[PDB]
Structure formats: C-alpha cells, structure tokens
$ cat protein-v1.cif   # mmCIF, C-alpha atoms
data_protein
loop_
_atom_site.group_PDB
_atom_site.id
_atom_site.type_symbol
_atom_site.label_atom_id
_atom_site.label_comp_id
_atom_site.auth_asym_id
_atom_site.auth_seq_id
_atom_site.Cartn_x
_atom_site.Cartn_y
_atom_site.Cartn_z
ATOM 1 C CA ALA A 1 50.834 62.777 95.103
ATOM 2 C CA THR A 2 52.459 64.522 92.291
ATOM 3 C CA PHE A 3 51.210 67.588 90.346
ATOM 4 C CA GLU A 4 53.437 68.940 87.587
ATOM 5 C CA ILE A 5 52.039 72.297 86.465
ATOM 6 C CA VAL A 6 53.303 73.164 82.940
ATOM 7 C CA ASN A 7 52.801 76.885 81.332
ATOM 8 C CA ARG A 8 52.767 76.041 77.576
ATOM 9 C CA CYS A 9 51.156 79.433 76.897
ATOM 10 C CA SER A 10 53.138 82.244 75.267
ATOM 11 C CA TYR A 11 52.309 84.654 78.234
ATOM 12 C CA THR A 12 53.240 84.267 81.877
ATOM 13 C CA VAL A 13 50.706 82.829 84.271
ATOM 14 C CA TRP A 14 50.656 82.695 88.043
ATOM 15 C CA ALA A 15 49.548 79.251 88.923
ATOM 16 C CA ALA A 16 47.498 78.631 92.075
ATOM 17 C CA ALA A 17 46.663 75.467 94.066
ATOM 18 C CA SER A 18 44.249 75.561 97.014
ATOM 19 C CA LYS A 19 41.570 73.592 98.809
ATOM 20 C CA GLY A 20 39.640 76.151 99.909
ATOM 21 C CA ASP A 21 40.970 77.003 103.391
ATOM 22 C CA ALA A 22 44.687 76.326 102.918
ATOM 23 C CA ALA A 23 47.377 76.325 100.291
ATOM 24 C CA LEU A 24 48.475 73.202 98.519
ATOM 25 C CA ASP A 25 52.277 73.055 98.550
ATOM 26 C CA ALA A 26 53.544 76.649 98.178
ATOM 27 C CA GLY A 27 49.969 77.816 96.976
ATOM 28 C CA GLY A 28 51.157 79.473 93.970
ATOM 29 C CA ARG A 29 54.047 80.405 91.790
ATOM 30 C CA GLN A 30 55.003 82.675 88.641
ATOM 31 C CA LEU A 31 55.435 80.487 85.542
ATOM 32 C CA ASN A 32 56.996 82.206 82.600
ATOM 33 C CA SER A 33 56.265 80.344 79.111
ATOM 34 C CA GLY A 34 57.643 77.027 79.174
ATOM 35 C CA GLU A 35 58.233 76.823 82.936
ATOM 36 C CA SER A 36 57.129 73.519 84.974
ATOM 37 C CA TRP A 37 56.363 73.543 88.739
ATOM 38 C CA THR A 38 55.885 70.151 90.457
ATOM 39 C CA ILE A 39 53.923 70.031 93.782
ATOM 40 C CA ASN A 40 53.146 67.751 96.388
ATOM 41 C CA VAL A 41 49.540 67.128 97.463
ATOM 42 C CA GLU A 42 48.591 64.825 100.300
ATOM 43 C CA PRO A 43 46.745 61.544 99.630
ATOM 44 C CA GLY A 44 43.068 61.815 100.465
ATOM 45 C CA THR A 45 42.686 65.512 99.601
ATOM 46 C CA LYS A 46 39.301 66.594 99.020
ATOM 47 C CA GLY A 47 38.002 69.252 96.659
ATOM 48 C CA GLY A 48 41.379 70.460 95.447
ATOM 49 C CA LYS A 49 41.664 73.034 92.675
ATOM 50 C CA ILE A 50 44.423 74.211 90.329
ATOM 51 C CA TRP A 51 44.042 77.375 88.217
ATOM 52 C CA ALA A 52 45.978 80.071 86.344
ATOM 53 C CA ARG A 53 45.986 83.749 87.171
ATOM 54 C CA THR A 54 46.742 86.397 84.576
ATOM 55 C CA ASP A 55 48.155 89.914 84.545
ATOM 56 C CA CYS A 56 49.411 89.882 88.162
ATOM 57 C CA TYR A 57 51.639 92.184 90.179
ATOM 58 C CA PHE A 58 53.193 91.064 93.459
ATOM 59 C CA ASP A 59 55.590 92.828 95.621
ATOM 60 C CA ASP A 60 58.588 91.685 97.467
ATOM 61 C CA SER A 61 56.421 89.982 100.131
ATOM 62 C CA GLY A 62 54.076 88.593 97.953
ATOM 63 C CA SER A 63 50.902 90.632 98.136
ATOM 64 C CA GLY A 64 49.383 92.162 95.033
ATOM 65 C CA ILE A 65 46.593 91.812 92.481
ATOM 66 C CA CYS A 66 45.759 89.761 89.390
ATOM 67 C CA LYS A 67 43.207 90.585 86.725
ATOM 68 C CA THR A 68 41.868 87.037 86.686
ATOM 69 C CA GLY A 69 41.839 84.559 89.508
ATOM 70 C CA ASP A 70 43.043 86.547 92.364
ATOM 71 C CA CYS A 71 43.082 84.759 95.741
ATOM 72 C CA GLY A 72 42.738 87.573 98.237
ATOM 73 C CA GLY A 73 45.677 89.538 96.877
ATOM 74 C CA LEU A 74 48.306 86.607 97.819
ATOM 75 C CA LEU A 75 51.023 85.229 95.521
ATOM 76 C CA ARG A 76 50.697 82.042 97.646
ATOM 77 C CA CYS A 77 47.004 81.121 97.596
ATOM 78 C CA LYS A 78 45.473 79.857 100.603
ATOM 79 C CA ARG A 79 41.928 80.429 99.290
ATOM 80 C CA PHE A 80 40.175 80.028 95.962
ATOM 81 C CA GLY A 81 40.288 82.453 93.065
ATOM 82 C CA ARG A 82 38.102 85.262 91.830
ATOM 83 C CA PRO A 83 36.277 84.276 88.457
ATOM 84 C CA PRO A 84 36.765 83.985 85.575
ATOM 85 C CA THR A 85 39.000 80.983 86.314
ATOM 86 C CA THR A 86 39.159 77.745 84.342
ATOM 87 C CA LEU A 87 39.426 75.043 87.018
ATOM 88 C CA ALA A 88 41.261 71.763 87.442
ATOM 89 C CA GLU A 89 39.423 69.980 90.274
ATOM 90 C CA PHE A 90 40.257 66.850 92.228
ATOM 91 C CA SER A 91 39.636 64.767 95.313
ATOM 92 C CA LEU A 92 42.164 61.997 95.871
ATOM 93 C CA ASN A 93 42.031 58.494 97.414
ATOM 94 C CA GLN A 94 38.273 58.319 97.812
ATOM 95 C CA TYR A 95 37.648 55.146 99.247
ATOM 96 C CA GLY A 96 40.338 53.519 96.297
ATOM 97 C CA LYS A 97 39.961 56.165 93.599
ATOM 98 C CA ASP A 98 40.875 59.736 92.796
ATOM 99 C CA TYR A 99 38.246 61.843 90.680
ATOM 100 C CA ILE A 100 39.278 64.535 88.246
ATOM 101 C CA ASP A 101 37.477 67.179 86.435
ATOM 102 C CA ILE A 102 37.767 70.478 84.614
ATOM 103 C CA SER A 103 35.053 73.014 85.473
ATOM 104 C CA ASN A 104 33.776 76.207 83.467
ATOM 105 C CA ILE A 105 31.285 76.907 86.339
ATOM 106 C CA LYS A 106 33.395 79.875 87.400
ATOM 107 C CA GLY A 107 34.115 80.860 83.986
ATOM 108 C CA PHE A 108 37.079 80.347 81.680
ATOM 109 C CA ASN A 109 40.367 82.218 81.427
ATOM 110 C CA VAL A 110 43.126 79.886 80.203
ATOM 111 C CA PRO A 111 42.835 76.685 78.109
ATOM 112 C CA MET A 112 43.815 73.585 80.005
ATOM 113 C CA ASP A 113 44.704 69.938 79.783
ATOM 114 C CA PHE A 114 44.475 67.917 83.098
ATOM 115 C CA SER A 115 45.936 64.428 82.244
ATOM 116 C CA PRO A 116 47.019 61.518 84.435
ATOM 117 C CA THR A 117 50.985 60.765 84.455
ATOM 118 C CA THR A 118 50.432 57.244 85.849
ATOM 119 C CA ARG A 119 47.976 54.249 83.757
ATOM 120 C CA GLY A 120 44.294 53.496 84.127
ATOM 121 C CA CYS A 121 42.413 56.551 83.350
ATOM 122 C CA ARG A 122 42.174 59.330 80.496
ATOM 123 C CA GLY A 123 42.618 63.018 80.964
ATOM 124 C CA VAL A 124 40.257 65.939 80.363
ATOM 125 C CA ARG A 125 40.764 69.136 78.364
ATOM 126 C CA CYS A 126 39.164 72.474 77.465
ATOM 127 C CA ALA A 127 41.218 74.220 74.764
ATOM 128 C CA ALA A 128 38.694 76.030 72.662
ATOM 129 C CA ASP A 129 39.013 80.311 72.212
ATOM 130 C CA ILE A 130 36.207 80.613 74.722
ATOM 131 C CA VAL A 131 37.452 84.320 75.475
ATOM 132 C CA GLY A 132 37.384 84.912 71.589
ATOM 133 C CA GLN A 133 33.885 84.034 71.296
ATOM 134 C CA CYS A 134 32.499 84.619 74.600
ATOM 135 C CA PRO A 135 28.956 86.098 74.620
ATOM 136 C CA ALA A 136 29.037 89.884 74.969
ATOM 137 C CA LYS A 137 27.502 90.259 78.590
ATOM 138 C CA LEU A 138 29.813 87.518 79.911
ATOM 139 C CA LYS A 139 33.069 89.201 78.869
ATOM 140 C CA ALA A 140 35.481 90.253 81.626
ATOM 141 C CA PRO A 141 36.998 93.455 81.387
ATOM 142 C CA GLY A 142 40.075 92.328 82.937
ATOM 143 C CA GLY A 143 40.237 89.207 80.750
ATOM 144 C CA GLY A 144 38.323 85.940 80.401
ATOM 145 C CA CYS A 145 34.740 84.794 79.953
ATOM 146 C CA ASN A 146 32.585 84.884 83.112
ATOM 147 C CA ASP A 147 29.953 82.336 84.036
ATOM 148 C CA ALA A 148 26.335 83.490 84.069
ATOM 149 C CA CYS A 149 26.064 82.868 88.067
ATOM 150 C CA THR A 150 28.852 85.526 88.437
ATOM 151 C CA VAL A 151 27.355 88.076 86.030
ATOM 152 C CA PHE A 152 23.613 87.768 87.095
ATOM 153 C CA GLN A 153 23.268 86.146 90.537
ATOM 154 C CA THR A 154 20.009 84.301 89.843
ATOM 155 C CA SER A 155 18.825 81.051 91.365
ATOM 156 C CA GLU A 156 18.595 79.571 87.953
ATOM 157 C CA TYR A 157 22.202 80.314 86.896
ATOM 158 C CA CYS A 158 23.593 79.769 90.382
ATOM 159 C CA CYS A 159 21.459 76.611 90.937
ATOM 160 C CA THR A 160 20.922 77.975 94.432
ATOM 161 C CA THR A 161 18.107 75.626 95.492
ATOM 162 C CA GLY A 162 19.698 72.513 94.018
ATOM 163 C CA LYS A 163 17.329 72.795 91.053
ATOM 164 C CA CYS A 164 18.116 74.381 87.706
ATOM 165 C CA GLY A 165 18.466 73.468 84.074
ATOM 166 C CA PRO A 166 20.981 74.297 81.366
ATOM 167 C CA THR A 167 20.798 77.792 79.867
ATOM 168 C CA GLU A 168 21.888 79.632 76.747
ATOM 169 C CA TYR A 169 25.016 80.483 78.542
ATOM 170 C CA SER A 170 25.790 77.094 80.055
ATOM 171 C CA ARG A 171 25.297 75.544 76.616
ATOM 172 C CA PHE A 172 27.947 78.439 75.029
ATOM 173 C CA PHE A 173 30.567 76.584 77.425
ATOM 174 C CA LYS A 174 29.387 73.031 76.842
ATOM 175 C CA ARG A 175 29.564 73.909 72.727
ATOM 176 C CA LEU A 176 33.052 74.604 73.072
ATOM 177 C CA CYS A 177 34.174 72.152 75.853
ATOM 178 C CA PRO A 178 31.902 69.119 76.216
ATOM 179 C CA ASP A 179 34.354 67.510 78.648
ATOM 180 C CA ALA A 180 34.142 70.334 81.203
ATOM 181 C CA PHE A 181 31.284 71.120 83.595
ATOM 182 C CA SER A 182 29.163 73.925 82.114
ATOM 183 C CA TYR A 183 26.773 74.513 85.093
ATOM 184 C CA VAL A 184 26.294 73.102 88.590
ATOM 185 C CA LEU A 185 23.981 70.194 87.662
ATOM 186 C CA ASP A 186 25.620 69.241 84.377
ATOM 187 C CA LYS A 187 25.877 65.544 83.635
ATOM 188 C CA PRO A 188 29.237 64.776 85.296
ATOM 189 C CA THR A 189 32.296 64.587 83.059
ATOM 190 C CA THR A 190 34.360 63.470 86.049
ATOM 191 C CA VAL A 191 37.106 60.900 85.544
ATOM 192 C CA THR A 192 37.758 58.170 88.101
ATOM 193 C CA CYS A 193 41.456 57.272 88.452
ATOM 194 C CA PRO A 194 43.291 54.804 90.697
ATOM 195 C CA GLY A 195 43.955 56.136 94.161
ATOM 196 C CA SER A 196 47.325 57.870 94.495
ATOM 197 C CA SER A 197 47.723 58.700 90.810
ATOM 198 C CA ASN A 198 49.961 61.537 89.609
ATOM 199 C CA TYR A 199 48.944 64.234 87.146
ATOM 200 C CA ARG A 200 50.016 66.974 84.773
ATOM 201 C CA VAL A 201 48.145 70.241 84.354
ATOM 202 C CA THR A 202 49.100 71.826 81.011
ATOM 203 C CA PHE A 203 48.008 75.403 80.318
ATOM 204 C CA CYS A 204 47.603 76.119 76.650
ATOM 205 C CA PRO A 205 48.181 72.915 75.588
ATOM 206 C CA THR A 206 47.761 73.181 72.009
ATOM 207 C CA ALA A 207 50.102 76.230 72.108
#
$ encode --input "protein-v1.cif" --output "structure tokens"
Amino acid sequence: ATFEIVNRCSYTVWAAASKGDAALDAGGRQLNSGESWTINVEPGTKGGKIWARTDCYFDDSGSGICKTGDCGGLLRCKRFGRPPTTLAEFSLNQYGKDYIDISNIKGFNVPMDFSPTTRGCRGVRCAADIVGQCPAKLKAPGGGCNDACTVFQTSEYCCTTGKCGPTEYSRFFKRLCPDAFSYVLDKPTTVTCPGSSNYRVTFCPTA
C-alpha cells in the first residue's frame, strides 16, 4: 500500500514510520515545508504508526536526537517514538478491511490529517492548538503536550489493569479533537476502510 506523507507545516519535520520492531519503508525522512514522501507498506501490516518529530539533529550516518518523537536516536526509525507524539495508526487487510485512527494517547505534537486516497471511507483529523492550550503540568519542555500516563505513571491514567475512566486530562484532548483517541479505553473513533486502501498523512493541514 501507499502512504504519501505531506509536511504542510511552516517548520521542518522528520517523519517516522514504524511497527514497533522494524522500520516501514526507509523508517524516516527530513521533510522541509511543503515536501511529500511516498512509502510503501506491506498489505496485512498490523499496528503501524506514522508520526512527526521536531527539532532534530542527525549526523552524516544518521544518528542524533529530536526534541519530540525520538526513536532511539535514529533518523531511520525502526522503533516507536518518545512522547509527545501525535499518532497516525493503522492495521491493514484485516480479514477484508484496513482500520485507521489518530491517537493523542501519547500526547500531541503536530496537527494531523490522516485521509484515505482511494473511495469508501472518511479520514480523521486533529488540528486544534493543543500545545497552545495544553494544561500547565502536561507541557513538554522540548515541545508538545504530554499525555497524563507519561507525566504521572498511574494505573488510572495508564489504564494498566485494563480498567480506567476518562480524566480531566483525557477530556482536555477529547475537547479539542473528538475524532482522536484521548485515553486507552476511549470509545473507538477508528475508521474501517476497504482492504488495500491508500492514504495521505498531512501534517498541519490547515496551514
């Protein structure tokens, strides 16, 4: 399948795409403002993620640091990213359908549209100034708005036991982005698409 990753923001991002234990395609790439990067993801992938990283440095070989979303210091992510990271999430060709979501469960850093480029299903977006509003205790020095599980490590915020409810903080993300997951047991805002759809991830969409 095809993912076209478009930086519509006015600042450079370093896009990332991983499943957790391996890169997807090249695993990451600088995107200056306006730059598009199309990747290939295998049918049937489960639990894929696409995110932005901000304020990175990488040297000639590719090792470095980013202030949000860092994946073990690699330009080319083979693992997931340090919060706060807004997340595009997907598992493809499940049993005849792909399923797409955007998640604020690791926080928010960059506004995002995740829309299908082929018919049948609707996209999802979170574009609100979450970082401009972000509750004071959830702010990340380095940039972004952390989730409460990251800042406080409690069973309730982290839904450790498989039981939890919404919180003042989950609800701060759900007031600003009802279509994105705001905590682990949120009512799902997942989208079911035909198997083998293609997609566009747009950062800063409304930019």
$ resolve_selection --input "protein-v1.cif" --expression "the PyMOL selection byres ((chain A and resi 195-197) around 8)" --output "VMD selection string"
chain A and resid 1 to 2 43 92 to 94 96 to 98 116 to 118 193 to 194 198 to 199
$ atom_distance --input "protein-v1.cif" --atom1 "CA of residue 62 in chain A" --atom2 "CA of residue 33 in chain A"
20.7 Å
$ resolve_selection --input "protein-v1.cif" --expression "the PyMOL selection byres ((chain A and resi 91) around 6)" --output "ChimeraX atom specification"
/A:45-48,90,92,98-99
$ atom_distance --input "protein-v1.cif" --atom1 "CA of residue 169 in chain A" --atom2 "CA of residue 9 in chain A"
26.2 Å
$ closest_residue --input "protein-v1.cif" --among "A:78, A:53, A:175, A:67" --to "residue 23 in chain A" --atoms "only C-alpha atoms"
A:78
$ closest_residue --input "protein-v1.cif" --among "A:32, A:133, A:202, A:18" --to "residue 80 in chain A" --atoms "all atoms listed in the file"
A:18
$ resolve_selection --input "protein-v1.cif" --expression "the PyMOL selection byres ((chain A and resi 50) around 6)" --output "NGL selection string"
:A and (16-17 or 49 or 51 or 88)
$ write_last_selection --input "protein-v1.cif" --atoms "C-alpha atoms" --output "compact mmCIF listing (two decimals), keeping the file's coordinate frame"
# COMPACT_ATOMS: atom_id res chain seq x y z
CA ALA A 16 47.50 78.63 92.08
CA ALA A 17 46.66 75.47 94.07
CA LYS A 49 41.66 73.03 92.68
CA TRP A 51 44.04 77.38 88.22
CA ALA A 88 41.26 71.76 87.44
$ closest_residue --input "protein-v1.cif" --among "A:153, A:104, A:63, A:115" --to "residue 192 in chain A" --atoms "all atoms listed in the file"
A:115
$ residues_around --input "protein-v1.cif" --residues "residue 151 in chain A" --least-positions-apart "3" --cutoff "9 Å" --atoms "all atoms listed in the file" --output "list in words"
residues 137, 138, 146, 147 and 148 of chain A
$ atom_distance --input "protein-v1.cif" --atom1 "CA of residue 87 in chain A" --atom2 "CA of residue 106 in chain A"
7.7 Å
$ closest_residue --input "protein-v1.cif" --among "A:204, A:55, A:103, A:158" --to "residue 187 in chain A" --atoms "all atoms listed in the file"
A:103
$ residues_around --input "protein-v1.cif" --residues "residue 157 in chain A" --least-positions-apart "2" --cutoff "12 Å" --atoms "only C-alpha atoms" --output "ChimeraX atom specification"
/A:105-106,146-155,159-171,182-186
$ closest_residue --input "protein-v1.cif" --among "A:145, A:201, A:52, A:6" --to "residue 34 in chain A" --atoms "only C-alpha atoms"
A:6
$ residues_around --input "protein-v1.cif" --residues "residue 36 in chain A" --least-positions-apart "4" --cutoff "7 Å" --atoms "all atoms listed in the file" --output "PyMOL selection string"
chain A and resi 4-7
$ residues_near_point --input "protein-v1.cif" --point "(52.8, 81.9, 90.2)" --cutoff "7 Å" --atoms "all atoms listed in the file" --output "PyMOL selection string"
chain A and resi 13-16+28-31+75
$ closest_residue --input "protein-v1.cif" --among "A:3, A:10, A:174, A:132" --to "residue 40 in chain A" --atoms "all atoms listed in the file"
A:3
$ decode --input "protein-v1.cif" --residues "range 12-27 of chain A" --atoms "N, CA, C and O atoms" --output "mmCIF file, in the first residue's frame"
data_model
loop_
_atom_site.group_PDB
_atom_site.id
_atom_site.type_symbol
_atom_site.label_atom_id
_atom_site.label_comp_id
_atom_site.auth_asym_id
_atom_site.auth_seq_id
_atom_site.Cartn_x
_atom_site.Cartn_y
_atom_site.Cartn_z
ATOM 1 N N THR A 12 10.181 22.505 9.442
ATOM 2 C CA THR A 12 10.598 21.175 9.045
ATOM 3 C C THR A 12 10.151 20.163 10.084
ATOM 4 O O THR A 12 10.160 20.444 11.287
ATOM 5 N N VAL A 13 9.728 19.000 9.617
ATOM 6 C CA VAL A 13 9.545 17.848 10.475
ATOM 7 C C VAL A 13 10.455 16.731 9.985
ATOM 8 O O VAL A 13 11.037 16.776 8.867
ATOM 9 N N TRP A 14 10.564 15.703 10.831
ATOM 10 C CA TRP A 14 11.269 14.490 10.469
ATOM 11 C C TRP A 14 10.269 13.351 10.585
ATOM 12 O O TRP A 14 9.918 12.899 11.694
ATOM 13 N N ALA A 15 9.638 13.038 9.557
ATOM 14 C CA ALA A 15 8.634 11.998 9.630
ATOM 15 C C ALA A 15 9.303 10.674 9.960
ATOM 16 O O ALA A 15 10.520 10.500 9.786
ATOM 17 N N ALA A 16 8.408 9.795 10.598
ATOM 18 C CA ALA A 16 8.782 8.475 11.076
ATOM 19 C C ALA A 16 7.700 7.498 10.686
ATOM 20 O O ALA A 16 6.521 7.852 10.593
ATOM 21 N N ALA A 17 8.053 6.224 10.322
ATOM 22 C CA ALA A 17 7.023 5.199 10.155
ATOM 23 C C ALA A 17 7.591 3.863 10.611
ATOM 24 O O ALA A 17 8.585 3.397 10.043
ATOM 25 N N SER A 18 6.947 3.258 11.609
ATOM 26 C CA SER A 18 7.436 2.064 12.284
ATOM 27 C C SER A 18 6.244 1.184 12.603
ATOM 28 O O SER A 18 5.162 1.674 12.914
ATOM 29 N N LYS A 19 6.584 -0.176 12.826
ATOM 30 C CA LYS A 19 5.629 -1.001 13.558
ATOM 31 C C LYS A 19 6.213 -1.444 14.890
ATOM 32 O O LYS A 19 5.746 -2.432 15.473
ATOM 33 N N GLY A 20 6.874 -1.039 15.160
ATOM 34 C CA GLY A 20 7.189 -1.366 16.544
ATOM 35 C C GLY A 20 8.529 -2.055 16.744
ATOM 36 O O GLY A 20 9.235 -1.780 17.722
ATOM 37 N N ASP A 21 8.886 -2.948 15.813
ATOM 38 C CA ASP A 21 10.133 -3.711 15.871
ATOM 39 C C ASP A 21 10.879 -3.664 14.547
ATOM 40 O O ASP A 21 11.826 -4.435 14.337
ATOM 41 N N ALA A 22 10.459 -2.800 13.632
ATOM 42 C CA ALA A 22 11.094 -2.654 12.341
ATOM 43 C C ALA A 22 10.626 -1.345 11.735
ATOM 44 O O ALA A 22 9.534 -0.859 12.039
ATOM 45 N N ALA A 23 11.458 -0.800 10.862
ATOM 46 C CA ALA A 23 11.033 0.310 10.028
ATOM 47 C C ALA A 23 9.877 -0.094 9.120
ATOM 48 O O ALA A 23 9.608 -1.283 8.850
ATOM 49 N N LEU A 24 9.191 0.928 8.628
ATOM 50 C CA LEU A 24 8.346 0.816 7.456
ATOM 51 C C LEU A 24 9.039 1.624 6.376
ATOM 52 O O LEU A 24 9.403 2.780 6.609
ATOM 53 N N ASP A 25 9.271 1.005 5.226
ATOM 54 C CA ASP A 25 9.984 1.679 4.133
ATOM 55 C C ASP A 25 11.336 2.134 4.698
ATOM 56 O O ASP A 25 11.978 1.391 5.462
ATOM 57 N N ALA A 26 11.800 3.340 4.378
ATOM 58 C CA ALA A 26 13.053 3.832 4.918
ATOM 59 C C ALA A 26 12.948 4.213 6.380
ATOM 60 O O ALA A 26 13.961 4.585 6.967
ATOM 61 N N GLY A 27 11.754 4.219 7.150
ATOM 62 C CA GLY A 27 11.702 4.476 8.571
ATOM 63 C C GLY A 27 11.769 5.943 8.993
ATOM 64 O O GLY A 27 11.205 6.271 10.042
#
